[PDB]
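Q: My complex, part one, positions kept as in the full thing:
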Amino acid sequence: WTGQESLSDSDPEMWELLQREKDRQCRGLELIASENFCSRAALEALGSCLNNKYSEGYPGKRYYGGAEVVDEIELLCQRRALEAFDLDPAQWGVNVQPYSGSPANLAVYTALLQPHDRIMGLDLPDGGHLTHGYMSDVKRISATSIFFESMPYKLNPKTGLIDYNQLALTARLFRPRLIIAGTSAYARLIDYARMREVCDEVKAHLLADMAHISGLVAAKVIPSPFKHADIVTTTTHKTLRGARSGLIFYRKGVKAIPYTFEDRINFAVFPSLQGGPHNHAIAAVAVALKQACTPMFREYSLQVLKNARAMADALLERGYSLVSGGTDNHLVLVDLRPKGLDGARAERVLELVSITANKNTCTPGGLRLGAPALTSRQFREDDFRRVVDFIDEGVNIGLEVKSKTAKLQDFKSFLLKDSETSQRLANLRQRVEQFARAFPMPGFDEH
């Protein structure tokens, strides 16, 4: 036993599973706004010998020796991270160790707040993220709401936009120490400048969680939250198209008196929260960041916007309603109530024809659809019009099964069962797949 044997030879069971998954990805239409397809280059770094180095600490300040190279990698991941977002090193620092997006947010909170200090984020069903704070009537759900004290701010249900006015009123009272600007399911640009005014007034930190939109920001096809925020967090996947990992950016040098984010943020990541860094992820992230500086990436990102517009327009033009009436980014939010349907139903139908989207709250009343993934497969505007055509076939199949049944559980039975419904689906699936398989796919060919 050398540990040099191939996965296909040593673990055929697992290899078959990887191949089934690759085929599923290759044949399907991926419309989850959070997803993307990672470059082969980045995956080669991810599966490298970098997994075998423990490097607790920071470059030049490691617990253990033998880190010359890993130090260079991490410092390079930092530089590339600052370059990708057009940041001055004298004004901004970055931490590249967080294992994912959620860990990065916790590290910020633990670096800057005391337990039980106050935080505000966009309410979850209004399109925020769990990590921004969330509790039901009966219990604390996010760890953020267990260790800290969170109160949500809300959408204006008329405009579908963030009620900035209510935020200011409500934050004058609750007095949060940290306010979070960033979203999971919102189709428009955030008023970073406004949030900053609110934060300046009540003496709070402004954190921007750009996970969804980091690609768009790096490409400069939308305004940057770095003009206005103290701290920025993000995933390295989603629109940045990297491996799964996380980043924390922070202001440094002179504030007025220095900024004091740097030491606290790094200390909270390590030693307070994490163990050994995942150097193979750090390296893949760095590869993804280099890719994001390119003109190619700017084209990709522009195309992301165009394809989301195109998908929006194609849906309007078939009489669907869109929350906020459209989009200024990479996703669209479809209100299936004025079309006599709901996310739960739609999602399950689409799933069965190899189209993957989310139900989303308004049995909830909406659907979220995103462009970044298919765009990465070189989809253009006509291709997305065609996608909508397939979606609409599926909605109309759904609508038909709803008038022919009562409850959600009923609705799902009727689909796997009634042949006239089964065939209409099998036919549609097969067309979707044939259409999808024809487009290219980032990554390795076989796994």
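A: Now that the structure is in, tell me what you want to look at. Residues are numbered from 1 along each chain as shown, chains lettered A, B, ... in the order given.
Q: Which positions within whatever helix or strand residue A:145 lives in qualify as buried?
A: Element membership for residue A:145 (DSSP states H and E) is helix A:144-147. Neighbour-count burial for helix A:144-147 flags A:144-145, A:147 (criterion: 16 or more other Cβ atoms under 10 Å). For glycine as for every other residue, the C-beta is placed from the backbone atoms N, C-alpha and C.
Q: Kindly report the same for stretch A:2-9.
A: Under 16+ other Cβ under 10 Å, stretch A:2-9 has no buried positions.
Q: Determine how far the last residue of that stretch lies from the first.
A: Criterion Cα to Cα, to the nearest Å; first-to-last residue distance in stretch A:2-9 is 13 Å.
Q: Pull the residues that contact it.
A: A:14-15, A:18, A:447 (Cβ atoms under 8 Å, 6 or more residues apart in numbering).
Q: ok now it, how far from the chain's centre?
A: 34 Å (Cα atoms, centre = their mean, to the nearest Å).
Q: if I pick residue A:233, what's in contact with it?
A: Per Cβ under 8 Å, 6+ apart, neighbours of residue A:233: A:101, A:104-105, A:108, A:182, A:207-211, A:246-249.
Q: Switch the buried residues of helix A:144-147 over to a markdown table; also include distance to residue A:169.
A: Listed next are the buried residues of helix A:144-147 as a markdown table, based on distance: Cβ to Cβ, whole Å:
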| residue | distance to residue A:169 |
| --- | --- |
| A:144 | 23 |
| A:145 | 22 |
| A:147 | 27 |
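Q: Relative to residue A:439, which of those residues is nearest.
A: residue A:144 (38.9 Å; Cβ to Cβ).
Q: That closest one: what's it in contact with?
A: Residue A:144 touches A:105-106, A:109, A:119, A:130-134, A:150, counting by Cβ under 8 Å, 6+ apart.
Q: Chain B next, sequence below:
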Amino acid sequence: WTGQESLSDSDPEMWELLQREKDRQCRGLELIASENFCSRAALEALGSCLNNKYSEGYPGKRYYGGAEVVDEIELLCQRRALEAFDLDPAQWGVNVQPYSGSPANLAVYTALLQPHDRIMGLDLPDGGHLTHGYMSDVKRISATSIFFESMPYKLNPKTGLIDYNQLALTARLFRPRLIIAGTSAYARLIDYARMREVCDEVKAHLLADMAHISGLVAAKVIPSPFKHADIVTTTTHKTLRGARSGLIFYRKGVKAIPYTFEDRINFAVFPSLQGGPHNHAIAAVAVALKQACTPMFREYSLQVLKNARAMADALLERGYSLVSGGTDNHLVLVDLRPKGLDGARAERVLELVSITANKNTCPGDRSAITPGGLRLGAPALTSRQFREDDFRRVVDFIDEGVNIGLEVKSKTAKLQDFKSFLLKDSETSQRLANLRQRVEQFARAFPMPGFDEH
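A: Time to bring in chain B:
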């Protein structure tokens, strides 16, 4: 642009860095007890298309669709996890999502305790882990000690063993809700049965953090903490030899009255603490777990023990002292004080001849006091097919380095002086360059798990 281009073509700067690192690993003698070399099979899964699936939730209970296959992978990773540790599914469950070892511990604490509830772990300089709780005189260091209230238990410095007697006395007073049995730098077996008695008495949960020893346990070459613990956490690297990731195991079904670990543990992992699982890691872990069920792995684990013994004996034979006098596991703790040196010096010398070990605090020392010891481990080199004679040879090189360090110390005052002398004094440079080159020539000859080039 397809995103199908190779790393050597698209990012030569990064590719050159990978290659420098691979050459470093190939040419060096890796004695850090936490390290291992991961199989090529596992790394292929890690760098797979599984990176591209969001699967928040659990199998059959996902936020989103399109998870048929990922569900099968995760369930398979679970089964293989239970099988690797010889656990009945009716009695034990497992969560395979934690991103690493440290997150796995936090999830347990948040699942089972209220903020500010009480925890005890082995004091850090006595050989515990940060995640078990740690604060200096002046500040809270571990997030475990910020969100929860931690008090350490200690080694008996006379025996170098864990003072179980003092633990019971001290836990009767402090009244912890969770006691943690597991170590980072301890050369002996833990009395899980005893800890359990203490936990039963004061009404605390017993958590076993087997990160260092999980390989040994899976191979059944040492006793299992699953006989005595309620909850078991571990990394998937170290002696399990997987990709970097984490596991939480927990009792389920009937206690006496049911166990209530399952729902709380899974809930704390997700939705409370984590986002999307890292399915590529989950898959690599599963590959590593399959490998750990094999006879080959049992041979490997036995050999790990024998090589640590052999290294121990070779050090005794040259008049070094070992904390607790030896080892019953994969590591040895070497006391360099009686020999007129310290970990800080030794470590830096060894580093400069491509041997990597840790300085380590010796029992009864207030750290600040520069550490009097060195920790050395067998799992990594054993994975490169080292046998007992190879480790005897490793000790020869170590001893050469110690003796060099000894000479530079007689010619120097302070630690800062000592480090510059190694770079500056040319007679010292050469003696080091000579030794380095012999270490490398010796090391490069042994095989290396992974890919050849990166």
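Q: once more on the contacts of stretch A:2-9, this time with chain B?
A: With contact meaning Cβ atoms under 8 Å, 6 or more residues apart in numbering or on different chains, stretch A:2-9 is reached by A:14-15, A:18, A:447, B:37-42, B:44-45, B:287, B:383, B:447-452.
Q: Now with 7 Å, please.
A: A:14-15, B:37, B:39-41, B:44-45, B:287, B:383, B:447, B:449-450 (Cβ atoms under 7 Å, 6 or more residues apart in numbering or on different chains).
Q: Would you show me how to pick out the buried ones of these in ChimeraX?
A: Entered in ChimeraX, the line below selects the buried ones among those, by 16 or more other Cβ atoms under 10 Å in any protein chain shown:
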select /A:14,15 /B:37,39,40,41,44,45,287,383,449,450
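Q: I'd like the next helix or strand past the helix holding residue A:145.
A: Counting by DSSP H and E, what follows helix A:144-147 is strand A:149-153.
Q: circling back: just how off-centre is the helix holding residue A:145 within its chain?
A: With Cα atoms, centre = their mean as the basis, the mean position of helix A:144-147 lies at 22 Å from the chain mean.
Q: cool, stretch A:233-246 as well?
A: 7 Å.
Q: Could you see whether chain B lies near it?
A: Yes: using Cβ under 7 Å from any Cβ of the partner chain, stretch A:233-246 reaches chain B at A:243-244.
Q: Using CSV, write down the CA coordinates of that stretch.
A: Presented in CSV, the C-alpha positions along stretch A:233-246 are these (Å, rounded to 0.1, in the frame of the first residue of the first chain):
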residue,chain,number,x,y,z
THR,A,233,-17.2,39.1,4.6
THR,A,234,-17.7,36.6,1.7
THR,A,235,-17.7,33.1,0.5
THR,A,236,-15.2,32.2,-2.2
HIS,A,237,-17.7,30.2,-4.2
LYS,A,238,-21.1,31.5,-5.5
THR,A,239,-20.3,34.2,-8.1
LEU,A,240,-16.5,34.2,-7.3
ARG,A,241,-16.6,30.7,-8.7
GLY,A,242,-14.0,29.4,-6.3
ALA,A,243,-13.7,26.5,-4.0
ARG,A,244,-15.7,26.5,-0.8
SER,A,245,-14.0,28.7,1.6
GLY,A,246,-14.4,32.2,3.2
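Q: now for chain C, put it on the one above:
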Amino acid sequence: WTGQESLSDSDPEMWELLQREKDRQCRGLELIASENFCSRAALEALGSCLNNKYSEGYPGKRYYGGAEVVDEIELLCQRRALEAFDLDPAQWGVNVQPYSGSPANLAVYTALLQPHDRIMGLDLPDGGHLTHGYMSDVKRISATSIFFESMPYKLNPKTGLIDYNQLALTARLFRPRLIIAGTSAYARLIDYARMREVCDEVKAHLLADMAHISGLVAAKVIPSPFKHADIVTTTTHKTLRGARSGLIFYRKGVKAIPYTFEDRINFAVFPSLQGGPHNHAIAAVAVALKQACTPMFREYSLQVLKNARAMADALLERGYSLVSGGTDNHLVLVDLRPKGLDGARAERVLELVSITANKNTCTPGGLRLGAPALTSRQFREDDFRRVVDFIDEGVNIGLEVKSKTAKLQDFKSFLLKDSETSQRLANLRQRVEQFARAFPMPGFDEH
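A: So, slotting chain C in with the rest:
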């Protein structure tokens, strides 16, 4: 040494001080709304041999023996407490041990909430109490805000009333576990029914802190918060006219399923927070409660309302503005801004002519004036008109010193200094005193 010697004989220094204080009270016009003059009967109990008994625990469940009598006293204080507020013993319980008003509130919070649980009270400068929660921009001030998490609700600055609408909006978000209805400086009735609707909606406890108005409630000259609240706290002084002490009332027996307030409330008082009860205070309180059941007390309380009305009207009729335009209770809030003055100035002038009132926030812009004390000295409506006349003389002296100076520190100098100001004051003082000394005074004659 017997310990039977008189205070005048054994401690002349102290006795002189008591006599100076009694003369000050006898000669002055006491307009602080929180104050009253306690009955001689109640003071005799307060200075009794009951100080010499340790009775930790509750009747029949004492740590120590020899408590037959003290048990009877405490049980009697309970019965009289329930009778005074017209409460059914099967529906309400009471705890009579809290050492004062502030301790009673803490005991409720600690009995019913976890540390860091959420509370809302009327903001302090809007006329709430410290114990309801209070923090500045920079620090936690109330212990309530240290051990628990408090967010204030506010007045509508247009109506001078409590913004019930904003409360509901704001409590839907903050999700408090306890909401507190009660005031220190508010001239109107509280919508207990409305607060209850809000509490029912967000699943919170309603606590009513009737400290200011407990006399009025007992007398049934205003609506009772007992119709709507789960828990009621109060001082035993202020309008109840007792010795300094506190009470906690709580619902008991069947809710729908039993109420669980009783055991938690009593346990928090003792053993959790307090030591030995103050049996002499408990006994004085009981004497005061018996007095409050009488027709005499109902007359007194009606007269309190009439005299506050009369004082209001007399102020309107001299062109002062009143927050909320008047009063439905025992106090009035005078806005000295539309009269070109401020509380800080006015208070100090009045003080120097033996009239005691408070500055109150709108250098703040108001003054609070209360009726209960002077009413207890048998003052009637004409007497209060006459009081206002003296007040107005003082305001007009103030106004004159303001146009003749710059800052507050200046203003205070000018008064003790300039003879033409000094004499005008000495003259006024002497008239005030001569007028006041003529009225009777509850208590002992000499101390």
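Q: Take the contacts of residue A:233 again, chain C included.
A: A:104-105, A:108, A:207, A:209, A:247-248.
Q: Can you give the domain ranges for chain A?
A: A:39-293, A:294-447 (curated CATH domains).
Q: okay if I get the contacts of residue A:233 as a markdown table plus distance to chain C?
A: Below are the contacts of residue A:233 laid out as a markdown table (distance: Cβ to the nearest Cβ, whole Å):
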| residue | distance to chain C |
| --- | --- |
| A:104 | 25 |
| A:105 | 21 |
| A:108 | 21 |
| A:207 | 20 |
| A:209 | 20 |
| A:247 | 31 |
| A:248 | 27 |
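Q: Please name the residues that touch residue A:432.
A: A:29, A:353-355, A:390.
Q: Now for the residues you listed: which two are most distant?
A: Of all pairs in these, the most separated under Cβ to Cβ is A:354 and A:390 at 9.5 Å.
Q: interface residues of chain A facing chain C?
A: A:116, A:137, A:149, A:151-152, A:170, A:173-174, A:203.
Q: and these, which two are the farthest apart?
A: The widest separation within the residues of chain A next to chain C (Cβ to Cβ) is 30.5 Å, between A:137 and A:203.
Q: Pick out the residue of chain A closest to chain C.
A: Relative to chain C, the nearest point of chain A is residue A:116 (5.1 Å; Cβ to the nearest Cβ).
Q: So that residue is in contact with residue C:117, correct?
A: No: if you go by Cβ atoms under 7 Å, residue A:116 and residue C:117 don't touch, sitting 10.5 Å apart.
Q: Who are the contact partners of residue A:286?
A: Taking Cβ under 7 Å, 6+ apart as the test, what residue A:286 contacts is A:73, A:76-77, A:80, B:14.
Q: Not counting residues beside it along the chain, what's closest to it?
A: Nearest residue to residue A:286 in three dimensions, chain neighbours excluded: residue A:77, at 4.0 Å (Cβ to Cβ, 6 or more residues apart in numbering or on different chains).
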